[PDB]
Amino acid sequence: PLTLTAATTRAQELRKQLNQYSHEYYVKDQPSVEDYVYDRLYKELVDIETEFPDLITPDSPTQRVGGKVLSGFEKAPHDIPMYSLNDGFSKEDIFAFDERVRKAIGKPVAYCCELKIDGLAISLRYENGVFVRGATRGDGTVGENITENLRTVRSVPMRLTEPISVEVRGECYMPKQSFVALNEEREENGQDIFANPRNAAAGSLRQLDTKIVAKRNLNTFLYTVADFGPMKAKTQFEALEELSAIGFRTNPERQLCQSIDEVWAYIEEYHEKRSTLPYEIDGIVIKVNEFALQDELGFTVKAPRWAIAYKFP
C-alpha cells in the first residue's frame, strides 16, 4: 500500500496545497477552507513522511514545529546595513521634518505612512525563492543567525510565490493575546513574566530550542526591501504591495499621504485606534515615498534623512 514512487509525488501535492492554505490562514489572515480540511491533509502528509522520512523537505508544513537545538547563534552580517530611525514626538517635530525634506528636495512630496510595530527587527534572505537565512538586526551591521527559529514562525514563507533571490526586512512580534497567554503560563511555572510584548518576542527568538520557539505564536510584518533582486518597486508604497505579492505578510494599515496634513491626520487616526489593534505599536513611521527622492536625501550615520518615527508618549 503506497509505494515510495507514489508517495514522492503525493507529498509534493500535499505540501503545495497545505502551504497555500497556510498562506491564506497565516499571511492573509483569511482562510478559505475549514480547519478540518487542512488537518486531514496534514495528517496524510505526516503519515507519508513518517513512512518515508527521506521525503521530508524544508518547505513542508510539518517542519513548523521545529526540532533542532543549537549551541548558540552564528554571527549574521548585514552588508546592507539595517538602519535606525530618527524620532519625533510632537506635531511640531513632524512638520519640521517635512520642512527639511521640502528644503532639500525643492517641492512638496508624498509620504508612505506605516505603523511602528513593537517587536524585534528581522532580516529574511531568499535564494531562488528558498528561505536561506533569518537574522536579528543586532547592532545594525552584525546580528545573530536565527534561521532555525524563524522557520517555526508560521507567517514566514519557506518558499516564495516566485523563485526570486531577495532580502527583506520587517518586524517579528508577539500579538497581545499570545503575550497575555504566555505570561500566564510563566506565572504557572514560577517564571519571571515578560515586561512587554517586545521583550517576549526578543526572548522567544533567543531561545536555542526551536521546539519552544515554535509554540510562542510569533508573527511578522515585512516593510523593507534591502536586496531587490528582480523586484520592480520604485516607491515605498509599491514596495509594500510587492512584498505582499511575493508572499510576505504586510501591515494593512499603510497609507500613501499626499500632504503633511494628511500625514498628521493619519497619526491622529491611529493614535486613537491604537487600543483596538491586536498588536502593540510604539508609533508611526513616515517615509518619503519616492525612492529617487530618498536617494537625494541620503542617510546620516545612524538613519535615513528621508524618514522619521513619531513616538507615542
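The term rigid core refers to the most C-alpha atoms you can superpose between the two forms while keeping them within 1.5 Å. Don't overthink the numbering: it's just position in the shown sequence, from 1.
- Task: Determine, for 54 to 62 and 244 to 252, which one has C-alphas that on average lie farther from this form in 7 other deposited structures of this protein; superpose on the rigid core first.
- Result: Evaluated in 7 other deposited structures of this protein, the stretch farther from the shown form is 54 to 62.
- Which of 271 to 279 and 32 to 40 lies farther, on average, from the shown form in 7 other deposited structures of this protein once the rigid core is superposed (C-alpha RMS)? Per-stretch check in 7 other deposited structures of this protein: the more divergent one is 32 to 40.
- Query: For the stretches 148 to 156 and 114 to 122, which has the higher mean C-alpha B-factor as given in the deposited record?
  - Reply: Averaging CA B-factors over each stretch, the winner is 114 to 122.
- Which is higher on average in the deposited entry, the C-alpha temperature factors of 32 to 40 or of 265 to 273? Per the PDB entry, the higher value belongs to 265 to 273.
- Message: Among the choices 170, 203, 163, 138, identify the one whose CA B-factor in the record is greatest.
- Response: 163 has the highest C-alpha B-factor of those listed.
- Task: Choose from 219, 183, 236, 90 the residue with the greatest Cα B-factor as stated in the PDB record.
- Result: Of 219, 183, 236, 90, 90 has the highest C-alpha B-factor.
- Query: Ranked by Cα temperature factor within the chain, is residue 292 in the lowest third, the middle third or the highest third?
  - Reply: Tercile = middle for this residue's CA B-factor.
- Task: Using the B-factor values recorded in the entry, state whether the Cα atom of residue 14 falls in the lowest, middle or highest third among the modelled residues of its chain.
- Result: For residue 14, the deposited C-alpha B-factor lands in the lowest third.
- Item | residue 252, C-alpha B-factor rank within chain (lowest, middle or highest third) | As the PDB entry reports it, the C-alpha B-factor of residue 252 lands in the middle third of its chain.
- Task: Within this chain's modelled residues, let me know which third the CA B factor of residue 78 belongs to: lowest, middle or highest.
- Result: Answer is middle: the recorded C-alpha B-factor places it there.
- Task: For residue 132, return the chain-relative third of its C-alpha B-factor as stated in the PDB record: lowest, middle or highest.
- Result: Lowest third.
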